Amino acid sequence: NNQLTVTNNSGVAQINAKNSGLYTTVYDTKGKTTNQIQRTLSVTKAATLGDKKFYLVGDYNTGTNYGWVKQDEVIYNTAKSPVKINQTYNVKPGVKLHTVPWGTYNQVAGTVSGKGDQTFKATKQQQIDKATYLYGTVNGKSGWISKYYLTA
């Protein structure tokens, strides 16, 4: 009959406001509603059950699995494994930090403030499709900033 195919995948995603909910099991007939929309979530696995297609989504900073979500009900993006780095960067005031790479408005960690260019000390970096996001600290606030907003 219908067989299930669960391969490993690492693609971060954000559930659209129009969704069938979070399926507890790929075999479930109905998805359970979730307020977890327009947020960057971590993808750990991709599944195919006949004509259905899901992504296993969880919280990025804890690894807590939330559930399975229809692939077509999310904006997906590949996520290369993060790497350790040590580099200081110049960042202008007004630039937003996010709690996760490629975060949404629900995921702001703070804003850069001061007189003239502030100092951002990076510790990790991560590639999301083609964009590189760097995790570091500016004036006590820790967070993710895209390389576009940083200058060497």
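Start at 1 and count along the sequence shown; that's the residue number.
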Legend entry - Selected stretch [higher average CA B-factor]: 94 to 102 or 22 to 30: 22 to 30
Inset, instruction - Could you check the entry and say whether 62 to 70 or 103 to 111 has the higher mean CA B-factor? - result: 62 to 70
Legend entry - Chain thirds of CA B-factor: placement of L134: lowest
Inset, instruction - Determine, from the deposited record, the chain-internal third of the Cα B-factor for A46: lowest, middle or highest. - result: highest
Legend entry - Chain-wide C-alpha B factor ranking for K121, given as lowest, middle or highest third: lowest
Legend entry - Lowest, middle or highest third - CA B-factor, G140: highest
Legend entry - Entry-reported Cα temperature factor of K84, expressed as the chain third it lands in: middle
